[PDB]
Structures are given as C-alpha cells and as structure tokens.
2 protein chains.
Amino acid sequence: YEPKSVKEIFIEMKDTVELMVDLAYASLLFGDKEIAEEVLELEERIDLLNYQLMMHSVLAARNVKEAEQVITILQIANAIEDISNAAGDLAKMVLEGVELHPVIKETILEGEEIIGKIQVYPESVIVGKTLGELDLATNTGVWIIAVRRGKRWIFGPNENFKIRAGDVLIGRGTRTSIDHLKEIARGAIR
Amino acid sequence: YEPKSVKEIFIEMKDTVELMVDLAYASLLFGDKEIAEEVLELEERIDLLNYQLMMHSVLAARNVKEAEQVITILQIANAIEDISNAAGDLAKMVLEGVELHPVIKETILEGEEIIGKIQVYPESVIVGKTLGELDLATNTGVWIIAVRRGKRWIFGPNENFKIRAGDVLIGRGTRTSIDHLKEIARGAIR
Ligand SMILES: [Ca+2]
Ligand SMILES: [Ca+2]
Ligand SMILES: [Ca+2]
Ligand SMILES: [Ca+2]
Ligand SMILES: [Ca+2]
Ligand SMILES: [Ca+2]
Ligand SMILES: [Ca+2]
Ligand SMILES: [Ca+2]
Ligand SMILES: [Ca+2]
Ligand SMILES: [Ca+2]
Ligand SMILES: [Cl-]
Ligand SMILES: [Cl-]
Ligand SMILES: [Cl-]
Ligand SMILES: [Cl-]
C-alpha cells in the first residue's frame, strides 16, 4: 500500500468538517434525515482520520524538536474534531425529528452565507458539464455541497460529477450568489 | 431601546462563528497574534449573544408548546458555541507563539477552500469601490474576512467598506478563485 502523508490526512479532515457543518445546516433547513445520516457517517470518518493523524505523528517524531512540531498538528486536529462533534449534534436533532422553531430555517436562508436548493432545467448551459469543467466554486462563488438526483444523494461531489437536467443542487453561498446560479440553472442566463 | 429579535441574535451568532473559524485559520497561516486576539474577542461576543438568546427564549415561551420550540434554538446555539470555543482554541496556539509544523500553513493554502492575501494596486478597478457596490462574495466567490490597511486591521468589513490601493485583502475561497481576484487586484483584469 502507498503511505498517506500527514498533510493529506490533515487536509481531508479540514475539508470534511467544513462539508459536515454545511450539510448539518442543510439537514436542518430541509428537515432531511438522510443528509443528517451523512453528517454522522462523516463524523466517523473524522474519528478515523484523527486516529491516522495520531499514528503518523507518533511514528514520525523521535526527538524533542520533531515531537513539539507534530504536537501542534494534533492540537489543531483536536479542535477540528470538536467542530465535527458539534455538526453531529445538529444532525442528531434532525434524526430525533424534533419540530424546529421557524426562525431556524429562516436563519439558514437569511445569513451572510446561505444554503440554497437549485433546480437544473434541460435548457441550462451547465447540463452535461462536470463540476471541474465548471469549477462552480471558482466561477460562481456557489459551492456545491450535495446533489439530489432522483431517489439518490451525492454528497460532496467531486470534479468529475457531470450535471444532468432534473438534478437538484444544494449550494452554499451568498443570497445573490444563489439566485445568480438559479438563473443559469433555469437557462435564463447562457 | 429597540428590542432585538431571536432571529437577529441567532443570525449574528452563526455569521460570527463562521468568521471566527476563518480568522482562526488566518491567524495560523500568518502567525498573526492580532488576528488571534480578534478571534478571542469574538468568542466573548458569542458568549454575550448566547446569553441574549437564552434571555429571549426564556421570556418568549410561557407554555409547553412554545417552550419545546425555543429549546430547539438553544440546542443549536449550544453547538454553535462549541464551534466558537474550538476557533478560540486555535487562536490561543498563535498567542502562545508555538512553532507550527510546516504542514499547517501548507494545509490552509492547499485545501478545497483556502485563505489568501491579496495586494491591491492603484490601477485596479476595485479601488474606490465598496464591498457592497462590489459584492465580491457574490461576484467573485472570494469572501473578504479582513483587510490590513497600514498599521490597522478591519475585521469582517461591512458593505460600506471602500477599498484603497495598498490594502491587503484577506480572502477565503478556492485557489483559482483567489488567483482570479489577485489578477483583478493587480489591474491585469479590468
Ligand atoms: Ca469524534
Ligand atoms: Ca515516535
Ligand atoms: Ca474536546
Ligand atoms: Ca434513496
Ligand atoms: Ca430531480
Ligand atoms: Ca463560550
Ligand atoms: Ca417563560
Ligand atoms: Ca459544550
Ligand atoms: Ca496597529
Ligand atoms: Ca498596505
Ligand atoms: Cl502531500
Ligand atoms: Cl441531462
Ligand atoms: Cl428579524
Ligand atoms: Cl486609493
């Protein structure tokens, strides 16, 4: 097997917790238990990555200097793991199925950065293009955290994900950044 | 005095913790103690907002139904407050001045979303424009979390913030989203 680097593990942890928090808010906004389940699965991945980070750090360091440095990484991962647990706490509320105060969904839809649901029509120019080819985060500011395609979810889609008419994109971004993408998705803006 | 709504307090909490985490990573990337100090000040604001949220929730609810609903809000704020404490943990490492493992700065610069430093030249078209007039988050995907102007910091600048040549923008976004803004900032792209 090809060994992983500390940086690769660390980057995945950071990237994953960010996605986790976004998905946690999405689960609350949509009262969606499947999204909530995904958050919990990611919390487990975070525990696994944290374990590997500790293993790598323990094995890599043999003297005091090296030790002091790997400890800084473990300390940061520790804080990251706390954020993952908080996202999991939010997800659990959705799985418990509690009736949320109406202000909650409004809050997620009206803050600086919001979560939006975008319907893709056949006439849109993004149909048939991949997220990478598109680089939506780069070119629209809207970051796609998930896609609902029929009876299935694609969480954290990669650059190879090709968009189809009928897809429902779950994006994170500013309000005007979400409405802009909706225009493009409706084919209004070519 | 004009009373605040639960939603206003809640939105500020959510917005603030997001900014806190971004600033925490910025403090680590730049080994900047002033940014770290700002994170700690925001952790205190979060404690204050949490207090006001509890006050509003306690006063607003008088019967079981209303109580069950305000509790959902308090439960979410509880998780948000945990995230704020994690950001504060990261900031403290910078204030302690520990020597960070080199992988840390690399990780912040190479993940899905990174933190970038952008120099604004006199010839750039963004000079003299406000963040609102510009709506950078909306129009570039790059979210401006802070600006270093001479010997002073402006954290979480509002829509009225007018950009000047010599400003150093601290942005959050994708790599290609950061390089794009740098082009605009250098005047290369009008
Ligand atoms: Ca854990
Ligand atoms: Ca060892
Ligand atoms: Ca802990
Ligand atoms: Ca299914
Ligand atoms: Ca569909
Ligand atoms: Ca606190
Ligand atoms: Ca009461
Ligand atoms: Ca706690
Ligand atoms: Ca100063
Ligand atoms: Ca300057
Ligand atoms: Cl690597
Ligand atoms: Cl299609
Ligand atoms: Cl309001
Ligand atoms: Cl100027």
# chains A, B, ... in the order shown; residues from 1 in each chain; ligands from 1
$ interface_residues --of "chain A" --to "chain B" --cutoff "6 Å" --atoms "only C-alpha atoms" --output "count of residues only"
17
$ residues_around --residues "segment 160-166 of chain A" --least-positions-apart "5" --cutoff "8 Å" --atoms "only C-alpha atoms" --output "PyMOL selection string"
chain A and resi 119-122+124+126-132+149-150
$ atom_distance --atom1 "atom CA of residue 185 of chain B" --atom2 "atom CA of residue 156 of chain B"
19.1 Å
$ select_by_dssp --residues "segment 27-137 of chain A" --states "helix (DSSP H, G or I)" --output "PDB file with C-alpha atoms, in the first residue's frame"
ATOM      1  CA  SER A  27     -30.319  18.848   7.140  1.00  0.00           C
ATOM      2  CA  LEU A  28     -31.968  21.388   9.467  1.00  0.00           C
ATOM      3  CA  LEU A  29     -33.170  23.657   6.673  1.00  0.00           C
ATOM      4  CA  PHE A  30     -34.746  20.745   4.806  1.00  0.00           C
ATOM      5  CA  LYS A  33     -32.817  12.769   7.818  1.00  0.00           C
ATOM      6  CA  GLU A  34     -30.693  11.284   5.043  1.00  0.00           C
ATOM      7  CA  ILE A  35     -28.478  14.379   4.968  1.00  0.00           C
ATOM      8  CA  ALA A  36     -28.323  14.123   8.772  1.00  0.00           C
ATOM      9  CA  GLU A  37     -27.265  10.471   8.499  1.00  0.00           C
ATOM     10  CA  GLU A  38     -24.456  11.505   6.130  1.00  0.00           C
ATOM     11  CA  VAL A  39     -23.199  14.007   8.717  1.00  0.00           C
ATOM     12  CA  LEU A  40     -22.922  11.194  11.272  1.00  0.00           C
ATOM     13  CA  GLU A  41     -21.059   8.988   8.800  1.00  0.00           C
ATOM     14  CA  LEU A  42     -18.613  11.850   8.222  1.00  0.00           C
ATOM     15  CA  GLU A  43     -18.130  12.258  11.986  1.00  0.00           C
ATOM     16  CA  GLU A  44     -16.910   8.655  11.985  1.00  0.00           C
ATOM     17  CA  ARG A  45     -14.566   9.344   9.047  1.00  0.00           C
ATOM     18  CA  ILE A  46     -13.212  12.250  11.092  1.00  0.00           C
ATOM     19  CA  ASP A  47     -12.540   9.904  14.022  1.00  0.00           C
ATOM     20  CA  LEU A  48     -10.706   7.580  11.646  1.00  0.00           C
ATOM     21  CA  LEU A  49      -8.640  10.394  10.108  1.00  0.00           C
ATOM     22  CA  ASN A  50      -7.823  11.720  13.585  1.00  0.00           C
ATOM     23  CA  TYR A  51      -6.608   8.241  14.530  1.00  0.00           C
ATOM     24  CA  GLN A  52      -4.363   8.065  11.438  1.00  0.00           C
ATOM     25  CA  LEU A  53      -3.039  11.566  12.137  1.00  0.00           C
ATOM     26  CA  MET A  54      -2.024  10.489  15.656  1.00  0.00           C
ATOM     27  CA  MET A  55      -0.446   7.295  14.311  1.00  0.00           C
ATOM     28  CA  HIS A  56       1.568   9.247  11.718  1.00  0.00           C
ATOM     29  CA  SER A  57       2.580  11.878  14.241  1.00  0.00           C
ATOM     30  CA  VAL A  58       3.679   9.332  16.841  1.00  0.00           C
ATOM     31  CA  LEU A  59       5.706   7.328  14.335  1.00  0.00           C
ATOM     32  CA  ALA A  60       7.265  10.335  12.578  1.00  0.00           C
ATOM     33  CA  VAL A  64      12.002  16.503  21.238  1.00  0.00           C
ATOM     34  CA  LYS A  65      12.120  19.006  18.372  1.00  0.00           C
ATOM     35  CA  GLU A  66      10.129  16.818  15.972  1.00  0.00           C
ATOM     36  CA  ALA A  67       7.748  15.978  18.806  1.00  0.00           C
ATOM     37  CA  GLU A  68       6.997  19.628  19.589  1.00  0.00           C
ATOM     38  CA  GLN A  69       6.043  20.174  15.966  1.00  0.00           C
ATOM     39  CA  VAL A  70       3.787  17.154  15.452  1.00  0.00           C
ATOM     40  CA  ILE A  71       2.036  18.127  18.679  1.00  0.00           C
ATOM     41  CA  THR A  72       0.943  21.435  17.110  1.00  0.00           C
ATOM     42  CA  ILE A  73      -0.778  19.411  14.390  1.00  0.00           C
ATOM     43  CA  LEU A  74      -2.506  17.141  16.910  1.00  0.00           C
ATOM     44  CA  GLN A  75      -3.682  20.188  18.852  1.00  0.00           C
ATOM     45  CA  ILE A  76      -5.303  21.652  15.736  1.00  0.00           C
ATOM     46  CA  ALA A  77      -6.890  18.311  14.787  1.00  0.00           C
ATOM     47  CA  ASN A  78      -8.283  18.225  18.342  1.00  0.00           C
ATOM     48  CA  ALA A  79     -10.135  21.478  17.744  1.00  0.00           C
ATOM     49  CA  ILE A  80     -11.277  20.256  14.324  1.00  0.00           C
ATOM     50  CA  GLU A  81     -12.651  17.106  15.905  1.00  0.00           C
ATOM     51  CA  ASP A  82     -14.651  19.302  18.332  1.00  0.00           C
ATOM     52  CA  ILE A  83     -16.227  21.106  15.393  1.00  0.00           C
ATOM     53  CA  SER A  84     -17.132  17.757  13.852  1.00  0.00           C
ATOM     54  CA  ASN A  85     -18.864  16.749  17.089  1.00  0.00           C
ATOM     55  CA  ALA A  86     -20.880  19.992  17.036  1.00  0.00           C
ATOM     56  CA  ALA A  87     -22.027  19.297  13.455  1.00  0.00           C
ATOM     57  CA  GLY A  88     -23.033  15.830  14.622  1.00  0.00           C
ATOM     58  CA  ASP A  89     -25.039  17.381  17.475  1.00  0.00           C
ATOM     59  CA  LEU A  90     -27.020  19.409  14.935  1.00  0.00           C
ATOM     60  CA  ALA A  91     -27.596  16.326  12.772  1.00  0.00           C
ATOM     61  CA  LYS A  92     -28.879  14.312  15.746  1.00  0.00           C
ATOM     62  CA  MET A  93     -31.652  16.888  16.266  1.00  0.00           C
ATOM     63  CA  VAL A  94     -32.906  16.172  12.767  1.00  0.00           C
ATOM     64  CA  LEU A  95     -32.763  12.403  13.280  1.00  0.00           C
ATOM     65  CA  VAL A 103     -36.692  31.031  12.946  1.00  0.00           C
ATOM     66  CA  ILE A 104     -34.151  28.269  12.346  1.00  0.00           C
ATOM     67  CA  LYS A 105     -34.913  27.715   8.650  1.00  0.00           C
ATOM     68  CA  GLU A 106     -35.183  31.473   8.161  1.00  0.00           C
ATOM     69  CA  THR A 107     -31.797  31.987   9.813  1.00  0.00           C
ATOM     70  CA  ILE A 108     -30.139  29.497   7.470  1.00  0.00           C
ATOM     71  CA  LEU A 109     -31.764  31.236   4.491  1.00  0.00           C
ATOM     72  CA  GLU A 110     -31.011  34.796   5.595  1.00  0.00           C
ATOM     73  CA  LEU A 131     -18.125  20.394 -11.634  1.00  0.00           C
ATOM     74  CA  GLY A 132     -14.445  20.607 -12.526  1.00  0.00           C
ATOM     75  CA  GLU A 133     -15.042  21.648 -16.121  1.00  0.00           C
ATOM     76  CA  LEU A 134     -17.377  24.148 -14.492  1.00  0.00           C
ATOM     77  CA  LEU A 136     -18.596  26.435  -9.925  1.00  0.00           C
ATOM     78  CA  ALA A 137     -16.941  27.431  -6.656  1.00  0.00           C
TER      79      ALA A 137
END
$ atom_distance --atom1 "atom CA of residue 144 of chain A" --atom2 "atom CA of residue 188 of chain A"
19.9 Å
$ closest_residue --among "B:186, B:115, B:159, B:169" --to "ligand 10" --atoms "only C-alpha atoms and all ligand atoms"
B:169
$ atom_distance --atom1 "atom CA of residue 147 of chain A" --atom2 "atom CA of residue 168 of chain A"
5.6 Å
$ select_by_dssp --residues "segment 45-178 of chain A" --states "strand (DSSP E or B)" --output "NGL selection string"
:A and (114-119 or 130 or 143-149 or 152-155 or 162 or 168-173)
$ decode --residues "segment 80-115 of chain A" --atoms "N, CA, C and O atoms" --output "PDB file, in the first residue's frame"
ATOM      1  N   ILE A  80     -10.488  20.610  15.499  1.00  0.00           N
ATOM      2  CA  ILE A  80     -11.277  20.256  14.324  1.00  0.00           C
ATOM      3  C   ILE A  80     -12.263  19.161  14.694  1.00  0.00           C
ATOM      4  O   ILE A  80     -13.428  19.187  14.294  1.00  0.00           O
ATOM      5  N   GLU A  81     -11.800  18.205  15.486  1.00  0.00           N
ATOM      6  CA  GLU A  81     -12.651  17.106  15.905  1.00  0.00           C
ATOM      7  C   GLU A  81     -13.810  17.644  16.766  1.00  0.00           C
ATOM      8  O   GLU A  81     -14.909  17.099  16.738  1.00  0.00           O
ATOM      9  N   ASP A  82     -13.573  18.712  17.526  1.00  0.00           N
ATOM     10  CA  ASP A  82     -14.651  19.302  18.332  1.00  0.00           C
ATOM     11  C   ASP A  82     -15.719  19.919  17.435  1.00  0.00           C
ATOM     12  O   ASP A  82     -16.911  19.901  17.756  1.00  0.00           O
ATOM     13  N   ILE A  83     -15.286  20.503  16.326  1.00  0.00           N
ATOM     14  CA  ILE A  83     -16.227  21.106  15.393  1.00  0.00           C
ATOM     15  C   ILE A  83     -17.044  19.987  14.751  1.00  0.00           C
ATOM     16  O   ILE A  83     -18.246  20.126  14.541  1.00  0.00           O
ATOM     17  N   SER A  84     -16.403  18.858  14.467  1.00  0.00           N
ATOM     18  CA  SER A  84     -17.132  17.757  13.852  1.00  0.00           C
ATOM     19  C   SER A  84     -18.197  17.237  14.807  1.00  0.00           C
ATOM     20  O   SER A  84     -19.287  16.856  14.379  1.00  0.00           O
ATOM     21  N   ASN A  85     -17.897  17.232  16.104  1.00  0.00           N
ATOM     22  CA  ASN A  85     -18.864  16.749  17.089  1.00  0.00           C
ATOM     23  C   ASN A  85     -20.060  17.705  17.178  1.00  0.00           C
ATOM     24  O   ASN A  85     -21.187  17.276  17.414  1.00  0.00           O
ATOM     25  N   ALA A  86     -19.808  18.997  17.002  1.00  0.00           N
ATOM     26  CA  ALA A  86     -20.880  19.992  17.036  1.00  0.00           C
ATOM     27  C   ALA A  86     -21.804  19.805  15.825  1.00  0.00           C
ATOM     28  O   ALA A  86     -23.022  19.953  15.939  1.00  0.00           O
ATOM     29  N   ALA A  87     -21.225  19.513  14.662  1.00  0.00           N
ATOM     30  CA  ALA A  87     -22.027  19.297  13.455  1.00  0.00           C
ATOM     31  C   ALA A  87     -22.896  18.064  13.683  1.00  0.00           C
ATOM     32  O   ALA A  87     -24.057  18.026  13.275  1.00  0.00           O
ATOM     33  N   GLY A  88     -22.309  17.053  14.322  1.00  0.00           N
ATOM     34  CA  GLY A  88     -23.033  15.830  14.622  1.00  0.00           C
ATOM     35  C   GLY A  88     -24.178  16.092  15.591  1.00  0.00           C
ATOM     36  O   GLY A  88     -25.216  15.439  15.517  1.00  0.00           O
ATOM     37  N   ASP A  89     -23.990  17.037  16.510  1.00  0.00           N
ATOM     38  CA  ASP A  89     -25.039  17.381  17.475  1.00  0.00           C
ATOM     39  C   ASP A  89     -26.234  17.965  16.734  1.00  0.00           C
ATOM     40  O   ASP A  89     -27.380  17.672  17.069  1.00  0.00           O
ATOM     41  N   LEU A  90     -25.963  18.802  15.736  1.00  0.00           N
ATOM     42  CA  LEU A  90     -27.020  19.409  14.935  1.00  0.00           C
ATOM     43  C   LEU A  90     -27.762  18.335  14.149  1.00  0.00           C
ATOM     44  O   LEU A  90     -28.995  18.336  14.082  1.00  0.00           O
ATOM     45  N   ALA A  91     -27.006  17.416  13.554  1.00  0.00           N
ATOM     46  CA  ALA A  91     -27.596  16.326  12.772  1.00  0.00           C
ATOM     47  C   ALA A  91     -28.533  15.470  13.630  1.00  0.00           C
ATOM     48  O   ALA A  91     -29.637  15.122  13.205  1.00  0.00           O
ATOM     49  N   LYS A  92     -28.083  15.130  14.833  1.00  0.00           N
ATOM     50  CA  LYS A  92     -28.879  14.312  15.746  1.00  0.00           C
ATOM     51  C   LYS A  92     -30.266  14.897  16.003  1.00  0.00           C
ATOM     52  O   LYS A  92     -31.232  14.153  16.168  1.00  0.00           O
ATOM     53  N   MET A  93     -30.364  16.225  16.044  1.00  0.00           N
ATOM     54  CA  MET A  93     -31.652  16.888  16.266  1.00  0.00           C
ATOM     55  C   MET A  93     -32.616  16.562  15.135  1.00  0.00           C
ATOM     56  O   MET A  93     -33.819  16.408  15.346  1.00  0.00           O
ATOM     57  N   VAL A  94     -32.081  16.475  13.924  1.00  0.00           N
ATOM     58  CA  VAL A  94     -32.906  16.172  12.767  1.00  0.00           C
ATOM     59  C   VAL A  94     -33.339  14.710  12.821  1.00  0.00           C
ATOM     60  O   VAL A  94     -34.490  14.392  12.535  1.00  0.00           O
ATOM     61  N   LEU A  95     -32.425  13.822  13.201  1.00  0.00           N
ATOM     62  CA  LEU A  95     -32.763  12.403  13.280  1.00  0.00           C
ATOM     63  C   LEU A  95     -33.784  12.156  14.390  1.00  0.00           C
ATOM     64  O   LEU A  95     -34.611  11.254  14.286  1.00  0.00           O
ATOM     65  N   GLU A  96     -33.719  12.953  15.450  1.00  0.00           N
ATOM     66  CA  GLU A  96     -34.662  12.819  16.557  1.00  0.00           C
ATOM     67  C   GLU A  96     -36.027  13.304  16.073  1.00  0.00           C
ATOM     68  O   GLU A  96     -37.057  13.006  16.680  1.00  0.00           O
ATOM     69  N   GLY A  97     -36.011  14.057  14.974  1.00  0.00           N
ATOM     70  CA  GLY A  97     -37.230  14.574  14.373  1.00  0.00           C
ATOM     71  C   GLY A  97     -37.988  15.648  15.132  1.00  0.00           C
ATOM     72  O   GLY A  97     -39.206  15.766  14.980  1.00  0.00           O
ATOM     73  N   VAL A  98     -37.289  16.441  15.933  1.00  0.00           N
ATOM     74  CA  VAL A  98     -37.955  17.487  16.700  1.00  0.00           C
ATOM     75  C   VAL A  98     -38.512  18.586  15.805  1.00  0.00           C
ATOM     76  O   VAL A  98     -37.969  18.871  14.738  1.00  0.00           O
ATOM     77  N   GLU A  99     -39.605  19.198  16.247  1.00  0.00           N
ATOM     78  CA  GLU A  99     -40.221  20.281  15.497  1.00  0.00           C
ATOM     79  C   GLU A  99     -39.375  21.519  15.774  1.00  0.00           C
ATOM     80  O   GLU A  99     -39.286  21.984  16.913  1.00  0.00           O
ATOM     81  N   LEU A 100     -38.749  22.039  14.726  1.00  0.00           N
ATOM     82  CA  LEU A 100     -37.879  23.204  14.838  1.00  0.00           C
ATOM     83  C   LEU A 100     -38.624  24.529  14.886  1.00  0.00           C
ATOM     84  O   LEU A 100     -39.661  24.692  14.243  1.00  0.00           O
ATOM     85  N   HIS A 101     -38.084  25.479  15.643  1.00  0.00           N
ATOM     86  CA  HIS A 101     -38.681  26.805  15.707  1.00  0.00           C
ATOM     87  C   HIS A 101     -38.494  27.344  14.283  1.00  0.00           C
ATOM     88  O   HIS A 101     -37.427  27.170  13.691  1.00  0.00           O
ATOM     89  N   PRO A 102     -39.531  27.981  13.709  1.00  0.00           N
ATOM     90  CA  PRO A 102     -39.498  28.539  12.348  1.00  0.00           C
ATOM     91  C   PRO A 102     -38.322  29.469  12.053  1.00  0.00           C
ATOM     92  O   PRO A 102     -37.898  29.608  10.906  1.00  0.00           O
ATOM     93  N   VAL A 103     -37.809  30.111  13.092  1.00  0.00           N
ATOM     94  CA  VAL A 103     -36.692  31.031  12.946  1.00  0.00           C
ATOM     95  C   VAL A 103     -35.442  30.316  12.430  1.00  0.00           C
ATOM     96  O   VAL A 103     -34.620  30.907  11.739  1.00  0.00           O
ATOM     97  N   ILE A 104     -35.311  29.038  12.764  1.00  0.00           N
ATOM     98  CA  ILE A 104     -34.151  28.269  12.346  1.00  0.00           C
ATOM     99  C   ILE A 104     -33.982  28.201  10.825  1.00  0.00           C
ATOM    100  O   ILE A 104     -32.913  28.525  10.307  1.00  0.00           O
ATOM    101  N   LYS A 105     -35.022  27.792  10.105  1.00  0.00           N
ATOM    102  CA  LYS A 105     -34.913  27.715   8.650  1.00  0.00           C
ATOM    103  C   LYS A 105     -34.677  29.098   8.060  1.00  0.00           C
ATOM    104  O   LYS A 105     -33.892  29.261   7.121  1.00  0.00           O
ATOM    105  N   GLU A 106     -35.345  30.100   8.623  1.00  0.00           N
ATOM    106  CA  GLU A 106     -35.183  31.473   8.161  1.00  0.00           C
ATOM    107  C   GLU A 106     -33.732  31.919   8.333  1.00  0.00           C
ATOM    108  O   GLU A 106     -33.135  32.518   7.436  1.00  0.00           O
ATOM    109  N   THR A 107     -33.174  31.623   9.500  1.00  0.00           N
ATOM    110  CA  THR A 107     -31.797  31.987   9.813  1.00  0.00           C
ATOM    111  C   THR A 107     -30.816  31.404   8.799  1.00  0.00           C
ATOM    112  O   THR A 107     -29.892  32.084   8.352  1.00  0.00           O
ATOM    113  N   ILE A 108     -31.022  30.147   8.429  1.00  0.00           N
ATOM    114  CA  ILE A 108     -30.139  29.497   7.470  1.00  0.00           C
ATOM    115  C   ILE A 108     -30.296  30.106   6.079  1.00  0.00           C
ATOM    116  O   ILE A 108     -29.354  30.124   5.294  1.00  0.00           O
ATOM    117  N   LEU A 109     -31.486  30.624   5.789  1.00  0.00           N
ATOM    118  CA  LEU A 109     -31.764  31.236   4.491  1.00  0.00           C
ATOM    119  C   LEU A 109     -31.447  32.729   4.431  1.00  0.00           C
ATOM    120  O   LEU A 109     -31.372  33.303   3.341  1.00  0.00           O
ATOM    121  N   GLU A 110     -31.232  33.355   5.585  1.00  0.00           N
ATOM    122  CA  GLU A 110     -31.011  34.796   5.595  1.00  0.00           C
ATOM    123  C   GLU A 110     -29.706  35.348   6.165  1.00  0.00           C
ATOM    124  O   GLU A 110     -29.577  36.560   6.340  1.00  0.00           O
ATOM    125  N   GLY A 111     -28.735  34.483   6.439  1.00  0.00           N
ATOM    126  CA  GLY A 111     -27.467  34.961   6.975  1.00  0.00           C
ATOM    127  C   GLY A 111     -26.531  35.440   5.875  1.00  0.00           C
ATOM    128  O   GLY A 111     -26.940  35.542   4.719  1.00  0.00           O
ATOM    129  N   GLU A 112     -25.279  35.738   6.224  1.00  0.00           N
ATOM    130  CA  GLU A 112     -24.304  36.193   5.234  1.00  0.00           C
ATOM    131  C   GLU A 112     -24.205  35.144   4.136  1.00  0.00           C
ATOM    132  O   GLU A 112     -24.382  35.447   2.956  1.00  0.00           O
ATOM    133  N   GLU A 113     -23.918  33.911   4.536  1.00  0.00           N
ATOM    134  CA  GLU A 113     -23.834  32.806   3.591  1.00  0.00           C
ATOM    135  C   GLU A 113     -25.032  31.905   3.866  1.00  0.00           C
ATOM    136  O   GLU A 113     -25.299  31.544   5.017  1.00  0.00           O
ATOM    137  N   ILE A 114     -25.757  31.547   2.815  1.00  0.00           N
ATOM    138  CA  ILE A 114     -26.932  30.708   2.976  1.00  0.00           C
ATOM    139  C   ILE A 114     -26.800  29.372   2.258  1.00  0.00           C
ATOM    140  O   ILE A 114     -25.817  29.116   1.560  1.00  0.00           O
ATOM    141  N   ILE A 115     -27.799  28.520   2.460  1.00  0.00           N
ATOM    142  CA  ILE A 115     -27.860  27.218   1.807  1.00  0.00           C
ATOM    143  C   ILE A 115     -29.018  27.322   0.827  1.00  0.00           C
ATOM    144  O   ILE A 115     -30.115  27.737   1.198  1.00  0.00           O
TER     145      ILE A 115
END
